[PDB]
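Residue numbers (the entry's author numbering), protein chains in the order written: chain A, 25 to 44, 48 to 126; chain A', 25 to 44, 48 to 126. A prime marks a further copy of an entry chain.
Let me begin by presenting the structure, written as structure tokens, before commenting on it.
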């Protein structure tokens, strides 16, 4: 069988999206990028990325903390929950605004 | 506003999928990979990748050709149409089985 019916590529040939029933979509164009180092660089620190690596390495990631997003108009507090997925080898980061 | 509600990461912190209304999904886990060099290496040749680079470089990609997929049970012929997207800077590869 054919894996894809239509594949969307950038000018370098890298896959953006595809149709196969099955669709790959990435409206923010972040899939494959590193969350800590590329997409949300404020998280690239021992207080966030550090806790992620610890939980991955221990095999038991389940940590919750508050996080400040500095802005031009003052910091915004969010609640972060990082947790290993219940099925398979992957991890979820949940972000919710506090109050 | 918050860009993501839930982000799925691999053990290295690379983004697999996300929820934001907006969802990023990649069931084949190929977004961000190179179509010609990683995902479909048989296309990494002047007869396919070469035509893609030509059309991207010329600014007018619109080429159609037949392509053979060797298998353990004999080759399968497909029809390939590569075309620049009508809106924005991206390119579509369409693959259809011949007859």
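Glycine included, each C-beta is placed from N, C-alpha and C at the ideal position.
Closer than 8 Å, CB to CB, is residue i near chain A' or not?
i, result
"residue 100 of chain A", "no"
"residue 97 of chain A", "no"
"residue 104 of chain A", "no"
"residue 125 of chain A", "no"
Mind checking who residue i pairs with in its DSSP beta bridge?
i, result
"residue 106 of chain A", "A/93 and A/123"
"residue 58 of chain A", "None; residue 58 of chain A has no bridge partner."
"residue 33 of chain A", "A/39 and A'/118"
"residue 50 of chain A", "A/43"
Please return the same chain residues whose Cβ sits closer than 6 Å to the Cβ of residue i, not counting the five positions on each side in sequence.
i, result
"residue 64 of chain A'", "71"
Using beta carbons (cut-off 8 Å, strictly below), is residue i in contact with chain A?
i, result
"residue 87 of chain A'", "no"
"residue 60 of chain A'", "yes"
"residue 33 of chain A'", "yes"
"residue 117 of chain A'", "yes"
"residue 55 of chain A'", "yes"
Can you find the residues in the same chain that come closer than 7 Å, C-beta to C-beta, to residue i, ignoring five residues on each side of it along the sequence?
i, result
"residue 92 of chain A", "107"
"residue 47 of chain A", "Residue numbering in chain A breaks between 44 and 48, and residue 47 of chain A falls inside that break, so it has no position here."
"residue 27 of chain A", "44"
Quick one: residues in its chain with C-beta nearer than 8 Å to the C-beta of residue i, no 5 flanking neighbours on either side, listed in chain order?
i, result
"residue 125 of chain A", "93, 104, 105 and 106"
(message) Does the contact criterion of 3 or more C-beta pairs under 8 Å hold for the stretch 55–62 of chain A versus the stretch 71–82 of chain A'?
(response) By the C-beta criterion, the stretch 55–62 of chain A is judged not to be in contact with the stretch 71–82 of chain A', since fewer than 3 inter-stretch pairs fall below 8 Å.
(message) Three Cβ pairs or more, each shorter than 8 Å: is that satisfied between the stretch 91–107 of chain A and the stretch 34–41 of chain A'?
(response) Counting Cβ pairs under 8 Å, fewer than three are found: no touch.
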